[PDB]
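Comments concern the structure below.
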Ligand code: CLA
Ligand code: CLA
Ligand code: HEC
Ligand code: OEX
Ligand SMILES: [Fe+2]
């Protein structure tokens, strides 16, 4: 079965990750 | 290494630029 | 390198009224001293009015003379940011 | 106020995902509520629009096309899927309150994001490096010593009038 | 810096005991509730248009004239959930409530900050419950008052030269 | 008057006991081992002393606003307590005033650092790092001497230009003080 | 506990006078009328050295831990050593001209402020004259 | 800081970012 | 196509490729346990289990190997204190290598079951569809679980054919691996009694064997099969996720509260052993048992073990680190080199002052020296100008008994105050802040980290239980509700019973 990931889901899922890592980088560097 | 990692924010602006102007458009259906 | 205010506590400043270092508010613990004589003292163990000399001499065993530069500079002899 | 002083729970990243989820939920409540209510179709001849809806109807009561064109030019992005919009309304406060759970489970074990170790290394050998972070930590020392002899009576904290962290004149 | 602003504000204005902030928390907790409520009652009520082998999001095509979810089923669901008359069976009356509850909530909360600008502080129940002798029986608002004292004697440790924090 | 000023930072041969009644000093050469990032809270004013004739007029200052916290940007910011606190300067006044004064510490003993550590109040520890510094832990109050050479215009009210050499804030011992040289003008209004 | 004559006995001049539950409750109110704007909780807001503690007041010149000494203070307020006279900066019955909240204080109503100032540290503890440390 | 503080974030940005871009190029290509 | 979060749902109607995806998960888990233990061997300093044991080094899976008998290495070191031992094959290396060898073998098995999905064993003979008999599968696996529960309890744990388990004295000084006999009375439900842990597995193994035999030979009711949708395997998922979060809640508790399964020589002291001053009471119980023999204080304190006083130190409390304060506990305070001794604080009166020990809530804590009669006699003041109870004013000296500083007395108040800020942490130890750059910022033990993961997993698996139980009971409706859902179906009082069309 093929995986569909439309461009909005690339855009939100990149938004989900980048603002997660903008959050947690302050704590991963600590 | 610290600040230049944080300046992740430049990827967000590029996503802010891409998801506004280069989104797959809403289609009247 | 030691904190000179804390090193001032272990000597006779931190047992009595050091007449060169304590706040003018630390004179309220005895009679007659505050605020006229306390103004006259802050401004060897002190001697003026004759009743003031009798207040001071009755208090002279409570008085210490040991000048610490942190404790007196910047007008901390009169107000040290220590209130209620 | 306990969790600020003792846990620094504001600084915890799992609470911020909860604040982003709750305030995102309250935003998506307010935005979607006012977007629908201001893209309504005129279905009744009265100036109060709530009687232009019977529930057995199968029309959209509001213009999702206009609503998408409003927000695409105001904000830049807009929902165009009404099912994805309402899943995002389910998603955002529920993921936020689930992230705050993970932080509080950590705070059960006192696993705080209390301190950025790199900054208190910087501030303990430099007495001029002040950030708002070290100011909050000074506030937490205020909370943890002024509140605790009353907040925690079992411990028999007898804190004298001189161990209390106090700024100048207060 | 925001968290500095929140801590100092509670130390000086007792924002938690201010009812306008409490209506604001009622606006954002309700706002997040009614978001997840409305988000989950619409998602609960979506008509089958797709297969379980693809996403239910494709049951909506943008600009369609049919409503993508059954409003009668969601009202039938949520009406049986609490009782029938607690339930907006009117979609327009529903989305006014979704509009108005966080907005009037955050209006009052912004009016909290704007009125504690002029030092109209939160409710001050310090030493309110006292006994027959007159001994202060501490309350939960007296435990907040010791936490409020903790932040306020420590905020801007060097800025105060005088005992009262007027502004 | 005060309404058409709010100039308050600016100061405006003459031949028995005499007194200096209103000594202003309006200035910051900082020695590399500037700018004024402090805006205009920099002048000394309303200083009252005692001009004691000996040939040399000894000027034991006593009272007045005679200290100003000044931060200058080298970009390193250099706090200095610009002062003439307890100055004894000395020279018919036409005339220099080769005087030596004491600067205190910038921050006094009540001052708390970002980690709560201060001299008369605060933590003698570094309570952030519980099981770990001593230079920043113990605050070391400085009182180093500075030297000023006023150079006397003459009416009762006289004026000219000063130049003081003092050290900077040493941050209670936590770093090294720069040598600040404070050039500027002055005005002293002598009255018996 | 209970407000009781063991709490309402306070030194009058070496004699003790007994307050009533009406008089102590009246003089809390007359303390909050004309005194507690500065003397809230037993401190002095405009001079945090001179608290209204009994030990402070017993150590004032003349002794002001008495009810006769506190009513003599409210008719002739001195400094803490009694040398300088402060009825032009402190509320008194010599200063009805300039402290209008003192004009309606009679000799059975000042004794309740003298009563409230002495009874209250036994009621609160360290809290009277203790400040925000003791809230 | 932590010397594993960027690798904790680079493998937090890029590890799902490689994943969502792989997913997008395999569904763009149909 | 499929959404990205639905990509694994190609294995529901594929039981052979469900087994392969499972074999690969089990290969990755067994591969991690080998990889984690080999990395743990590469960083374990084993030459001092007294002051630097496995829980000080952030050894995660080294105590789980240790608690079931694995004690030595091929290198030569045993964790119990010896060196030169030959523990045979089952070392920490051999266990880890067995887990990597398992992981390669489960990999190739997953490769086989992925290609050869189309076995007739999954195909139902009466309808040609790939079907799993989940009731009979359950009783088969429940029989195997109880066989391996009984045999682990009655052979491994009893020691009859097996090593036993880690047993301890209550203060964790001479704890080792011993065979444990089963506790069959009510004291076996004491979680700190290890005889119940043996007797659980014997008894629950038999009951699981008995029930495994039951679910093989007894079919589900027609109404229990249909309530749960026992034909669907999402119901096995939703009730197994329900089990593993219950079970992760239990292991979060029994790690945090402590049990016999979670000893303190392996996972560290619990936070409740610092709350009660549980080691401080024991330390003073030994000292007063020599203060009544006539043995003087320097003698009566040089007999306290260094391991015992190390448990009475707040940097071993698991409620004392932080969520991003990462790494071993030795990254915090350091490597404990020796006990500095018991700091006895006396004023210039020579009367003994007792430091208020810090609770695990506090980052900062004021140093406050009460007496036996409770009244505060000395403190390190914040505001020092109006002070009354400073160490300089009250003449406080510190004397050390046992440890490094046995018979040393410091009277100069800066050195007394430094030792006083370390005496709020309990017993004072000399730390190596040079081996691994120990910045003093307290860390968490393997007891605290395990509780965090397994109570956040158990909460995250609460949602997964809810989600997959939602998917099971509502399987017809996760594409959406019926388009032909009648308005008279959810209308009130059109049916006498909600849901039923025969009650109109
Ligand atoms: C083939 C046999 C085998 C053996 C002898 C071992 C041995 C070991 N493993 Mg390994 N492991 C194995 C297979 C094996 N493993 C496989 C196949 C995997 C992949 C799934 C793993 C993944 C793994 C990990 C991730 C870890 C280990 C660890 C360990 C060590 C400690 C085990 C422990 O204390 O946990 C406790 C074990 C249990 C509590 C078993 C759970 C059983 C539960 C309680 C049953 C409850 C539900 C039950 C079905 C209900 C019905 C019961 C019924 C009777 C009524 C021990 C050396 C640890 C280690 O130290 O690594 C080096 C470790 O971290 N193993
Ligand atoms: C043993 C437990 C178990 C098993 C066998 C499954 C299996 C499944 N889940 Mg479920 N679920 C579980 C526990 C489990 N889940 C838990 C604990 C949660 C709460 C977090 C959920 C919440 C959940 C939701 C909300 C959904 C599923 C869905 C699914 C299905 C598709 C999975 C997929 O393709 O994701 C694809 C996964 C990826 C592409 C990777 C990203 C996933 C996250 C972001 C990172 C994964 C963590 C990391 C890689 C390793 C985890 C280690 C582990 C210890 C946790 C599959 C049947 C989906 C479904 O039901 O569709 C019909 C679905 O929508 N699950
Ligand atoms: C603010 C303007 C005040 C009001 C209103 C009242 N008091 Fe006061 N009080 C005030 C000051 C500044 C001082 C200190 C004066 C000094 O000597 O420098 C005082 C002092 C007293 C005292 C003496 C306390 C002591 O330490 O001996 C008493 C007994 C006293 N005040 C009583 C008092 C009463 C009874 C009042 C109400 C009628 C009252 N004061 C009002 C400032 C102010
Ligand atoms: O600046 Mn920011 O905070 Ca308003 O109060 Mn006053 O000033 Mn400061 O003290 Mn509190
Ligand atoms: Fe809606």
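What do you get for the angle between helix E:71-81 and the principal long axis of chain E? Use alpha-carbon atoms, 0 to 90 degrees, nearest ten.
It works out to around 50 degrees.
Summing -39500 (n - 2.57) over the DSSP H runs of n ≥ 4 in the protein assembly as shown and dividing by its residue number, what mean residue ellipticity at 222 nm do you reach, to the nearest 500 deg cm²/dmol? Write down the numbers at each step before the final one.
On the way: 39 runs with 511 residues, N = 1341.
About -12000 deg cm²/dmol.
Mind checking I:481-488 for the average number of partner chain beta-carbons within 10 Å of each residue's beta-carbon?
So the per-residue partner count for this stretch is 5.
Roughly what % of Cα-Cα distances in the protein assembly as shown sit above 50 Å, to the whole percent?
48
What translational D, rounded to a whole number of µm²/s, comes out for segment F:32-97 from Stokes-Einstein when the hydrodynamic radius is the Kirkwood one over Cα pairs, at 25 °C and 0.890 mPa s?
Result for D is 177 µm²/s.
Using a ≥ b ≥ c from the Cα gyration tensor of segment I:206-329 (square roots of the eigenvalues), is it rounded, prolate or oblate, where a/c under 1.5 gives rounded and otherwise the larger of a/b and b/c decides, a/b for prolate?
Verdict is prolate for segment I:206-329.
Please list the three semi-axes, largest first and in whole Å, of the ellipsoid equivalent to chain I, using sqrt of 5 times the eigenvalues of its alpha carbon gyration tensor.
55, 29, 22
Can you give the Rg/Rh ratio of chain G, where Rg is from the C-alpha atoms and Rh is the Kirkwood radius?
That ratio is 0.93, to two decimals.
With N set to the number of residues, divide the alpha-carbon radius of gyration of segment I:271-443 by 2.2 N^0.38 Å and report two decimals.
1.04
P(r) tail for chain E, what percent of Cα pairs lie past 24 Å? Please report the intermediate quantities before stating the final value.
Numbers: 8020 of 13861 pairs.
The proportion of pairs with Cα distances above 24 Å equals 58 percent.
Peptide D:3-11: average number of partner chain Cβ atoms within 10 Å per residue?
That average works out to 4.
Per the Kirkwood formula on distinct C-alpha pairs, the Rh of chain D is how many angstrom?
Across chain D, the inverse of the average 1/r is 20.7 Å.
Just how far, in whole angstrom, is segment G:12-62 from segment I:303-328 if you go by their alpha carbon centroids?
That distance is 52 Å.
With just the Cα atoms defining each centre, how far is segment I:110-170 from segment C:11-84? Give it in Å.
For segment I:110-170 versus segment C:11-84, the Cα centre distance is 86 Å.
Please report the orientation-averaged projected area of segment I:27-101, defined via the convex hull of its C-alpha atoms, in nm².
Result: a mean projected hull area of 4.5 nm².
What do you get for the angle between helix I:92-115 and the principal long axis of chain I? Use alpha-carbon atoms, 0 to 90 degrees, nearest ten.
Taking the Cα atoms of chain I, the angle to I:92-115 is about 20 degrees.
What does DSSP give for the protein assembly as shown in terms of the percent of beta bridges that are antiparallel, rounded to the nearest 5? Present the calculation step by step, with values, prior to reporting the outcome.
Details: 90 of 96 bridges.
If we restrict to bridges inside the protein assembly as shown, about 95 percent are antiparallel.
Please list, by residue number, everything in chain H whose backbone N is under 18 Å from a paramagnetic label point 7 Å out along Cα→Cβ of residue I:437.
Inside the label zone: H:1-10.
Relative to the longest principal Cα axis of chain I, at what angle does helix I:134-151 sit, 0 to 90 degrees, rounded to 10?
Around 30 degrees separate the two axes.
Using the alpha carbon gyration tensor of chain C, what are the three equivalent-ellipsoid semi-axes (square root of 5 times each eigenvalue), largest first, in whole Å?
Ellipsoid half-lengths, sorted descending, are 23, 14, 11 Å.
Considering chain E as a Gaussian network with a 10 Å cut-off on Cα pairs, which listed residue, E:124, E:138, E:57, attains the greatest mean-square fluctuation?
E:57
Using the C-alpha gyration tensor of chain F, what are the square roots of 5 times its eigenvalues, in whole angstrom, with the largest one first?
Listed largest to smallest, the semi-axes of chain F are 36, 18, 15 Å.
In peptide F:75-84, how many Cβ atoms from other protein chains are near each Cβ within 10 Å, on average?
0
Note that each Cβ is placed from the backbone with ideal geometry, even for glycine, and that neighbours are counted across all protein chains shown. Values in this text are rule-based calculations from the coordinates and carry no lab data.
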